[PDB]
């Protein structure tokens, strides 16, 4: 039988840097092939690279290369010169070469490419509903790509993930994340109160 292991569930790379996604495998059959596929938010499975078990020519295809070490049973993916479109779920996969060639898939590793924040201005702004003026949301924006945004321990406060925004008109990029909640105690000052925020973060 065939087994795929992807230890890392999630990775980060800065834009234009290279990253390595890890994969090891087990197989009884001595003739096999290793695949990487990418799954964007859209949901399609895109072929990236292939390495047959007897190649002895480490595989390369565009910005993708494959650290294939049979003795260690490792088939890591190296992605060069990371682009913001590279963010997706990356799947390690394997088939026997001898039968119907059905793929077995690893658990997958999510990759999030981060922009190099030209000039940080960490702020938390408050945004008003265009219909009823009382309801609102809180927007944490413009911070450095290091900062992690954490879910609220509370389950009635909804906190978004990091989102990367590119205004090609401005040649400008920014991170943001959104927080909202219907409890009467919820405001922008406490919205991200259990995420590690830069001290100079602006709260107008």
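Residue numbers count along the first chain shown, from 1.
Student: According to the deposited model, is the average Cα temperature factor higher in 102-110 or in 115-123?
Tutor: Looking at the record's C-alpha B-factors, the answer is 115-123.
Student: Per the record, averaged over C-alpha atoms, which has the higher B-factor: 46-54 or 151-159?
Tutor: Of 46-54 and 151-159, the stretch with the higher C-alpha B-factor average is 151-159.
Student: Looking at 172, 140, 64, 37, which one carries the largest C-alpha B-factor according to the PDB entry?
Tutor: By C-alpha B-factor in the record, 172 ranks first.
Student: Name the third of the chain's ranked CA B-factors that contains residue 166, choosing lowest, middle or highest.
Tutor: Residue 166: CA B-factor falls in the highest third of its chain.
Student: State the tercile, meaning the lowest, middle or highest third, of residue 4 with respect to the CA B-factors recorded for its chain.
Tutor: Lowest third - that is where residue 4 ends up once the chain's C-alpha B-factors are sorted.
Student: Using only modelled residues of the chain, where does the Cα B factor of residue 25 rank: lowest third, middle third or highest third?
Tutor: Residue 25: CA B-factor falls in the lowest third of its chain.
Student: What third of the chain, by the recorded C-alpha B-factor, contains residue 18?
Tutor: Its C-alpha B-factor belongs to the middle third of this chain's values.
Student: Can you tell me which third, lowest, middle or highest, the CA B-factor of residue 95 falls into for its chain?
Tutor: Lowest third.
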